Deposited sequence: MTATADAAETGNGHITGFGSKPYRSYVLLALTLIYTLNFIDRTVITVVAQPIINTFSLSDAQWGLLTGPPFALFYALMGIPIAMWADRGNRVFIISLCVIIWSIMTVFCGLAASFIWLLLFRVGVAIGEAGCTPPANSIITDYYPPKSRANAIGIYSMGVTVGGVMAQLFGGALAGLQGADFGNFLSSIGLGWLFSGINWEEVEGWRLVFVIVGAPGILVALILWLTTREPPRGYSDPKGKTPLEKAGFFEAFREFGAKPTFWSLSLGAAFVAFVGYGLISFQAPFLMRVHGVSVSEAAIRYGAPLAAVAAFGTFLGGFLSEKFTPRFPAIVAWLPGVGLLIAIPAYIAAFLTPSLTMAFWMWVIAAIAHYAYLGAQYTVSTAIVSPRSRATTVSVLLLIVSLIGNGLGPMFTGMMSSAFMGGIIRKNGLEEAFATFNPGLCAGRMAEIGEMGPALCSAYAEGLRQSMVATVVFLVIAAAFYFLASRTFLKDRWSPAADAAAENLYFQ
């Protein structure tokens, strides 16, 4: 590399990764908007925000990783950056739920090929003396990306299509002003397009300015599978992630339906704070695992899963509370406890395997936590929400009214729904509220696995003696 040049390459890659997480998570900011537009079932929203990232890892990251090792240059990143940028603007342009769902899978496929190349890139650029600093910096893209998604998404939502159309026209793009009724363009479309578009320019800049480092350069010169502790730590993390993904996927719809916050406020005043908090708890739980190991590992107050068990009431309080102020603060407490156990299980998994094998140990564990947590979490939370609403409709005989239900009318056009419109809106709020509570009860399943891990830990532990 070179004293400031490789630092530029590192910044470029970290920015890509931040943008990767911006595109990935901004979908949760504009949830209810997309739902209103297509009159989607919460079951459908869970489907859109869950299983499509079965293609992110299991069916694409493993292929692309192999491609990077025996493949081509920086091109692979800049190619993927364009793919998931294009697919993100196509989401803005989606005609229907299935088109939206297809484009989303495209984003997933594109993002699969971000980090595996970027790790190799950094590794060859950086000397072992400082590879870990570089990679830690790069990793910050997740935290920054999560918080930026809630900030940029929040800001861009509530931009009127008319506003954007005037802007485009004023900067010389009347080729887009003509043919589009900007007054009827939904804000969530501008979010997707404004967010995804500039990534193509970014990809081009990366490709022009970042040189493919020589493989292995660095000029400044699977035993876990046999262990029950590993599979326990994996499942408990997949259930901690399950709840996290479920909740994030419906976080803003909840806050809107139940407390009447605007899309922007949902994302700016709650979304981005809680994202930071969730990262904070994640780092904290790994830190505490490292700090408090006085020749005593798997550290945790006796009855290991009890910290998760504390998060469950804090969560349930937040959901059931009529004060939004207490909702936020209880949620902050609950996220800290909750995401702590995420980082704790990450650290402990490296305690049961030889150093040479920690990479593949964490890789498998994260594949598991993705497929199960991201793949099922939102889908459970959606289905239960739809189902819990169903039960209200049955109990109150709302079926006839519901047949003409369109979530969007709840905003201010409840009379237009019919005689039982307000009933249906409260059912729409309560179905989700009840599912949010059901969701976090899965932290019982998670705590159960954490306990099971502590039972087999000291047999499966790794010691250098």
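- Positions of the deposited sequence absent from the coordinates, in order: 1 to 18, 240 to 253, 498 to 508.
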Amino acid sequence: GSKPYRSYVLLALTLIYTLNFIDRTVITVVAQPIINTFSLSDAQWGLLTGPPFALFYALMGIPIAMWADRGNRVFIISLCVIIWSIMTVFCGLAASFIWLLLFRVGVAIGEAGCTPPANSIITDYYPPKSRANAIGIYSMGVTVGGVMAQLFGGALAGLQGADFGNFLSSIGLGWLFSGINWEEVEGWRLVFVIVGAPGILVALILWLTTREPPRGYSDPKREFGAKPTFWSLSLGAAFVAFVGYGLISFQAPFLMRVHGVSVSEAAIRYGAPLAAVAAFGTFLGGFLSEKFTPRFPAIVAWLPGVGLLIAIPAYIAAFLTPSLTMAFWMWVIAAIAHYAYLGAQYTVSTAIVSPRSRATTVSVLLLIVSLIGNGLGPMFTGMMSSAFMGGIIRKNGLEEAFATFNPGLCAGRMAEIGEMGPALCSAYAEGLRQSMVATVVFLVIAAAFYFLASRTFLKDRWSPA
From here on, numbers count along this sequence of modelled residues.
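- Comparing 295 to 303 with 188 to 196, the higher mean C-alpha B-factor in the PDB entry belongs to 295 to 303.
- Look at the mean CA B-factor for 410 to 418 and for 62 to 70 in the entry; the higher one is 62 to 70.
- Residues shown: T123, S323, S139, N374. Highest C-alpha temperature factor in the entry: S323.
- Note on the listed residues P128, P273, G244, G174: the highest Cα temperature factor in the record is that of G174.
- Looking at the C-alpha B-factors along this chain, the one for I22 belongs to the lowest third.
- Annotation for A162: C-alpha temperature factor in the highest third relative to the rest of the modelled chain, per the entry.
- Sorting the modelled residues of the chain by their CA temperature factor places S39 in the middle third.
- In the deposited entry, the Cα temperature factor of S463 places it in the highest third of its chain's modelled residues.
- In the PDB entry, a CA B factor belonging to the highest third of its chain's modelled residues is recorded for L79.
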